[PDB]
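Chain naming here is simple, since letters A, B, ... match the order of the sequence lines and numbering starts at 1 in each. Both ligands and their constituent atoms are indexed starting at 1 by order of listing.
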Protein chains: 2
Amino acid sequence: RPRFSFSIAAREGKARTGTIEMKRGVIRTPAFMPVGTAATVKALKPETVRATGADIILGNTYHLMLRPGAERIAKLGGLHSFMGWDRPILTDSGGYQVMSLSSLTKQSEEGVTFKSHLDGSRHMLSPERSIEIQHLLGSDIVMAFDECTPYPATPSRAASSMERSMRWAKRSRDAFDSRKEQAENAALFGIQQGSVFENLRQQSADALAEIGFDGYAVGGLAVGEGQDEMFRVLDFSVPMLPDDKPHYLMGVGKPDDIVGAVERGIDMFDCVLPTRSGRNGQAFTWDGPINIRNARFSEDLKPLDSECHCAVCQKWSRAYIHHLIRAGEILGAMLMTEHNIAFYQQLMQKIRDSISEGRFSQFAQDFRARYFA
Amino acid sequence: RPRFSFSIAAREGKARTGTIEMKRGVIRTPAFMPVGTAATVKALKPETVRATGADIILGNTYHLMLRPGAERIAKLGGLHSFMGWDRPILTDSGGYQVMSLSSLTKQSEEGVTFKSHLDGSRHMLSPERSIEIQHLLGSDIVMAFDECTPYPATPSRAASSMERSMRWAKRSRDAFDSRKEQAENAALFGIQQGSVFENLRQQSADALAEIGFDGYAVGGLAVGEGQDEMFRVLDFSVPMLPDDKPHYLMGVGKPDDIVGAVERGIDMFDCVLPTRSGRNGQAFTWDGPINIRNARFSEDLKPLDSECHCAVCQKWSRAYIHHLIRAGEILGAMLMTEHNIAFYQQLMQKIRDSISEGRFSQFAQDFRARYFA
Ligand SMILES: [Cl-]
Ligand SMILES: [Cl-]
Ligand SMILES: [Zn+2]
Ligand SMILES: [Zn+2]
């Protein structure tokens, strides 16, 4: 099997569909990655994650380096063996989560020193340490160590932040290439920064393309800017990236965010929304989200969604799941999560099929008209 | 399929093994019933409950009448359809749980009035209402409405309590027999009381046998008396019950409690221990229980138990489950629960096989020597 081979089978406008072939499996694009921060997709066995249609999951350098530890996972055989998922795993590099979750941080050209949110102990991240951690975990897609610029930012602060990220991108490339086993078996993605500014996004794309990566993420979005502004930035930013490599929009998003981002050339997505909001009682349907705890569902015998093919919708009613979530029962979290991840995967499948068949424009219009009715 | 047919295939001493045939399936005895108080065996899909080997699960009149409500469950098609378990369900009658969990109760010859532990609202239980609720739920094995005498009790207080329970047993019989669909499709078990007193246990057995039931439970135990005293009471109490009907020890118990109770003629068991203590980090093994959160398991690649055939032990290490439970991850609760229920079912299987093969005495000795080493 290839280390990493991306093939575009069809296009419609800026939208693309195809496959990434890797040693541990094929990734169909556009792809949605369920989030598995602490070496588990919350409330699902890996076999259930696979049954929903997921080809790849996301893990986190920041969380795993703190608990259970990167060296410990490596001693136990790597992340895949540890959690029982034998297909591709992409790991974020720590650059975003350290600044989001740490109580205290010190930032410099070398990297970031920080206090753990679990117990206050002191730790360090850098391009070299992030790549090493991802090696110890056995990631298949390694993310460069970057800085996610806060929003809003002045042009000059966005520029200096982006420039640091580009120096860190080169250090990430070099650290990855030095580790022969990692360079032979994994892939490395760079992360574009530049906040909402077209000229900075161009400078960042140029720097990443000069280094060369297997894929290119659009970083620095889903940080409070809202959909209109995110789409405006995507309109000019995605065309700056190499066309022949995958484009990954980090942390996005709601179903309509995904559809619009695909219309703008994005191939890969991750988001906690289906898992987290599932546990909180929000179920996705083709007619929009529903709050299953609402009293209107107490005697509703219909499945969560009338068309969904998932195992939850084949077997259990809204009324039962309403009861489980209101009672705080673990099975409620399990069933809501499986349905929401299955729904996300069915959305990605309809996106892939409609692009391949040259009817994605109509799909997006029909999707929105019904979802927002 | 028969409504209810018990057949004893083999005996060793006081121990028996056989089958109860019912419309919704066969129950192999001695049997362990996982507890599914709120219309779910906590953290398991019904298909997973079945995969562990369980033939029957337990539900609770008290919890279900409060949430989601008995009439609501009946409107939605009955408990089996609601939760997705199509095999036999035994429901406790409310007599124990109302006194265990209610904040305020009023007891009389008619029944028990009480305040719900969920919201304080006022409700009533009685022999007639308990049987009606169990009818609305669609229980397969209906328990008589009784009173679980507190421990310790004076002989005279135990006697007056037991006598009330025996009058309630006759009222339960009559209410059940009046409901033609219930009498045709379900079974009714009586509950022996009498605290720790041989003469009262005899009077209670005589009263229940005169009425006639499909099965006979030993009530009033697992109320703080300890194993030595529970076994002493079982020594004289079980032989008082009709030999040709199943004997059900309510709320028991730890693995050694089950083995000793089988040696004294018990055929059926239920207990929250495998589920509840599983979620808390206790795993059962043939070498005794372990606390998976203990630091000694942080890098242990062995399964929870070295012989167990369950899906958890085929796929995941102690080290991974240690991480999940310490992190508060739902998958930890799921995996611990599946293993513990599977372990309980494997214990029951070894008990059944050893009785059938006439080597149960040796099995009990070998079990204890290793479990308590
Ligand atoms: Cl999540
Ligand atoms: Cl439980
Ligand atoms: Zn579904
Ligand atoms: Zn096991």
>> Within rounding of 10°, what is the angle whose vertex is the Zn ion (ligand 3) and whose arms end at SG of A:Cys308 and SG of A:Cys313?
In response: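 About 110°, to the nearest ten degrees.
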> Strictly by modelled atom types, are B:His322 and B:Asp300 linked by a side-chain donor-acceptor pair under 3.5 Å?
Replying inline: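 No, no side-chain donor-acceptor contact under 3.5 Å.
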> B:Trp316 ring centre to A:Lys45 NZ or CZ under 6.0 Å, with the angle to the axis within 45°?
Replying inline: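 Judged by the rule, A:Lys45 and B:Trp316 form no cation-pi pair.
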> Near the Zn ion (ligand 4), is there an N/O/S atom from B:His339 that is less than 2.8 Å away?
Replying inline: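 A backbone or side-chain N, O or S atom of B:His339 is under 2.8 Å from the Zn ion (ligand 4).
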>> Check B:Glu307 with B:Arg370, please: is the shortest side-chain N to carboxylate O separation under 4.0 Å?
In response: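 Looking at B:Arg370 and B:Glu307, the cut-off is met.
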> Got a sec: is A:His309 within less than 2.8 Å of the Zn ion (ligand 3) via an N/O/S atom?
Replying inline: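 Within the cut-off used here (under 2.8 Å), A:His309 places no N, O or S atom near the Zn ion (ligand 3).
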> Can you say whether the rings of B:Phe360 and B:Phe363 are parallel (under 30°), tilted (30 to 60°) or perpendicular (over 60°)?
Replying inline: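 B:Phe360 vs B:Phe363 ring planes: parallel.
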